Undergrad: 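I'd like to ask you about the structure that follows.
Along the sequence shown, residues carry numbers from 1. Numbering of ligands and ligand atoms starts at 1, following listing order.
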Amino acid sequence: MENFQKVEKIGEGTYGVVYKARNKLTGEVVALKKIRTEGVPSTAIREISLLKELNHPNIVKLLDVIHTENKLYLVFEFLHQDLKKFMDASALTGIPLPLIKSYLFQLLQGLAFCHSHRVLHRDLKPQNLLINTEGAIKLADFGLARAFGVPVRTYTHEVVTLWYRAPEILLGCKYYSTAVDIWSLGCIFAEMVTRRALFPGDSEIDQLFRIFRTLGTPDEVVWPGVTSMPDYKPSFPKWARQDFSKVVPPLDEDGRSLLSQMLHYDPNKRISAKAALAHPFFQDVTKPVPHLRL
Ligand SMILES: Nc1ncnc2c1ncn2[C@@H]1O[C@H](COP(=O)(O)OP(=O)(O)OP(=O)(O)O)[C@@H](O)[C@H]1O
Ligand SMILES: [Mg+2]
């Protein structure tokens with residue numbers, strides 16, 4: 001755009017290309033997102049503008065929204081690294097637990113704030129979690145799924161990841177709640193600990209089955225109303241639940257107890273972000289500084 005000098009292309013997502021850019025009227029470096037044709041949905045533009053007012057220290061700030069020439073560009077504060085990159089960097093040594101506990105604690109603070117404002121993310125993944133050199137972590141793209149309605153292939157025909165998708169979304173549930181974000185966070189939490197994605201599905205059905213082989217095929221006892229879900233089939237194979245001690249070693253009792261609450265099949269049983277902040281797992285949380293290399 002005319003007021004921005006694009007420095008680099010940080011990447012491409014489901015919603016468009018992200019560029020590091022410098023504002024010429026301010027000199028500040030920002031993240032500019034060109035959003036992926038009738039002049040931009042008035043509904044979309046009103047949802048985004050709502051977000052401008054939702055400010056929290058653990059939420060990547062939406063600075064500006066620019067619908068010019070009937071085009072949408074979102075200007076966000078810029079953070080140097082995403083958690084995906086960070087994990088790939090700490091793969092041999094693992095992210096230390098005190099760092100894992102600080103990050104999860106901050107993510108829950110961010111979720112609890114958005115959730116109390118009835119704002120859901122619905123697309124949590126490591127690429128949407130940004131970190132700085134101070135030991136802070138922030139949620140990026142909060143609320144854009146609402147605004148634009150999540151696609152299958154990214155703006156650049158890249159297949160979108162289902163790994164963090166909650167089972168109710170996979171079973172065809174149209175009105176999902178804030179619990180969907182808790183499920184996603186649960187999956188990321190487990191990945192950070194083991195250094196391996198919990199449920200790396202490559203199709204909607206493969207995704208569902210990986211979840212089922214681990215947590216057991218849900219039934220009416222554990223998830224009331226599950227058998228009436230749109231995509232539920234009586235023909236689903238029946239798997240037993242695996243032991244969490246076998247799923248997430250070497251997480252202690254507190255961590256395992258917290259994770260199982262985050263991964264409850266029944267969305268209404270799933271722990272809220274605010275209740276998770278009080279879990280004994282956080283009894284000793286601190287704020288360590290990462291091992292960043294820019
Ligand atoms: N404010 C930001 N500052 C720095 N880099 C960012 C910022 N927003 C996103 N990025 C990075 O740019 C890349 C692309 O982001 P984008 O959000 O388009 O991709 P994605 O997060 O993997 O998928 P989706 O488009 O669904 O959110 C990823 O590294 C993301 O972490
Ligand atoms: Mg993103």
Side-chain angles (χ1 to χ4, degrees), residues 1 4-23 26 28-36 44 47-48 51-52 54-66 71-90 95 103 106-107 110-111 114 119-134 136-166 169 180-181 184-185 187-188 191-192 197 200-201 207 290 292-294:
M1 205 278 178
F4 300 90
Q5 58 179 259
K6 297 177 185 177
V7 176
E8 284 161 335
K9 177 180 295 195
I10 297 174
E12 301 171 332
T14 69
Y15 287 138
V17 202
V18 188
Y19 296 102
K20 180 171 186 175
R22 175 181 263 89
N23 182 324
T26 49
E28 57 189 284
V29 316
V30 294
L32 185 76
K33 174 168 286 197
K34 296 191 69 294
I35 294 298
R36 191 188 178 183
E47 294 306 311
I48 300 298
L51 310 178
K52 297 173 85 306
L54 196 76
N55 304 340
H56 180 94
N58 299 100
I59 304 294
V60 173
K61 186 182 182 178
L62 173 57
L63 302 181
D64 283 275
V65 50
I66 300 166
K71 268 303 294 75
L72 261 199
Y73 293 93
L74 308 176
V75 185
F76 291 100
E77 65 170 286
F78 167 91
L79 282 94
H80 281 82
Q81 193 165 278
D82 64 67
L83 190 75
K84 174 59 192 308
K85 204 188 307 303
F86 191 57
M87 289 194 286
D88 286 341
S90 300
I95 294 174
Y103 280 176
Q106 297 176 65
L107 295 176
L111 280 185
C114 291
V119 175
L120 281 53
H121 188 110
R122 99 151 298 291
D123 193 22
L124 278 181
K125 56 202 179 178
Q127 300 81 308
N128 278 342
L129 307 175
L130 311 178
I131 59 170
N132 61 21
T133 51
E134 248 71 74
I137 187 162
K138 317 209 177 182
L139 300 149
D141 300 341
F142 218 110
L144 269 54
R146 159 204 282 210
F148 308 129
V150 48
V152 49
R153 295 291 181 104
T154 78
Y155 104 90
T156 14
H157 40 253
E158 287 116 30
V159 199
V160 77
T161 181
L162 291 335
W163 309 353
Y164 309 89
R165 211 122 289 175
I169 298 179
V180 296
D181 288 340
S184 298
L185 191 55
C187 295
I188 298 169
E191 177 168 353
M192 288 194 278
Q207 182 63 38
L292 244 70
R293 190 80 313 160
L294 304 167

Undergrad: Tell me the protein N, O or S atoms under 2.8 Å from the Mg ion (ligand 2), in chain and number order.
TA: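 For the Mg ion (ligand 2), the protein N, O and S atoms that sit under 2.8 Å away are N128 OD1, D141 OD2.
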Undergrad: Answer yes or no: is there a side-chain heavy-atom contact under 4.5 Å between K61 and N55?
TA: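 When only atoms from C-beta onward are counted, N55 and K61 do touch, with a gap below 4.5 Å.
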Undergrad: Applying a strict 4.0 Å limit to heavy atoms, is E77 in contact with ligand 1?
TA: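 Per 4.0 Å heavy-atom rule, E77 contacts ligand 1.
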Undergrad: What protein heavy atom lies closest to atom 4 (C) of ligand 1? Include the residue and the distance to one decimal.
TA: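 Heavy-atom neighbour on the protein nearest atom 4 (C) of ligand 1: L79 O, 2.9 Å.
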Undergrad: Would you check whether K125 reaches within less than 4.0 Å of ligand 1, judged by its heavy atoms?
TA: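 Judged by the 4.0 Å heavy-atom criterion, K125 does count as contacting ligand 1.
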Undergrad: For atom 16 (P) of ligand 1, tell me which residue out of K33, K20, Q127 has the closest non-hydrogen atom.
TA: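 The nearest heavy atom belongs to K33.
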Undergrad: Indicate, as side chain, backbone, both or neither, the part of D123 found under 4.0 angstrom from ligand 1 when only non-hydrogen atoms are considered.
TA: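 Side chain only.
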Undergrad: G16 near ligand 1, heavy-atom distance under 4.0 Å?
TA: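 Yes, that is the case, since the closest heavy atom of the residue is under 4.0 Å from the ligand.
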Undergrad: Below 3.5 Å, N or O to N or O, backbone or side chain included: is there any such pair between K85 and ligand 1?
TA: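 No; every N/O pair is 3.5 Å or more apart.
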Undergrad: Starting from atom 14 (C) of ligand 1, find the nearest protein heavy-atom neighbour and note its residue, name and distance.
TA: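 In this structure, atom 14 (C) of ligand 1 has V18 CG2, 3.5 Å as its nearest protein heavy atom.
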Undergrad: If we only count heavy atoms from C-beta on, is the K6 to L32 side-chain gap below 4.5 Å?
TA: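 The answer is yes; the side chains approach within 4.5 Å.
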Undergrad: When you measure from atom 7 (C) of ligand 1 to every protein heavy atom, which one gives the shortest distance, and what is it?
TA: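 The closest heavy atom on the protein side is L130 CD1, 3.7 Å.
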Undergrad: Considering heavy atoms of the protein only, find what lies nearest to atom 21 (O) of ligand 1 and give residue, atom and distance to 0.1 Å.
TA: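 Protein heavy atom with the smallest distance to atom 21 (O) of ligand 1: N128 OD1, 2.8 Å.
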Undergrad: Checking side-chain contact (heavy atoms from CB on, under 4.5 Å) between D141 and each of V60, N128, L130, which is the one that passes?
TA: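 The residue from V60, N128, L130 that satisfies side-chain contact (heavy atoms from CB on, under 4.5 Å) with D141 turns out to be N128.
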Undergrad: Do me a favour and list the nearest non-hydrogen protein atom to atom 11 (C) of ligand 1 with residue, atom name and distance?
TA: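 Result: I10 CG2, 3.6 Å.
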Undergrad: Who's the nearest protein heavy-atom neighbour of atom 17 (O) of ligand 1, and how far?
TA: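 Scanning the protein heavy atoms, the shortest distance from atom 17 (O) of ligand 1 goes to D141 OD2, 2.7 Å.
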Undergrad: For atom 25 (O) of ligand 1, grab the closest protein heavy atom and report residue, atom and distance to one decimal in Å.
TA: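 Of the protein heavy atoms, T14 N, 2.8 Å lies nearest.
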Undergrad: Considering only protein heavy atoms, which is closest to atom 29 (O) of ligand 1, and at what distance to one decimal place?
TA: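 Answer, as residue, atom name and distance: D82 OD2, 2.9 Å.
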Undergrad: Check each heavy atom of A140 against ligand 1 and say whether those closer than 4.0 Å belong to the side chain, the backbone, both or neither.
TA: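 Under 4.0 Å from ligand 1, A140 contributes no heavy atoms.
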Undergrad: Output all residues satisfying side chain to side chain contact (heavy atoms under 4.5 Å, CB included) with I10, sequence neighbours left out; order by chain, then residue number.
TA: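 Applying side chain to side chain contact (heavy atoms under 4.5 Å, CB included) to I10 gives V18, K20, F78.
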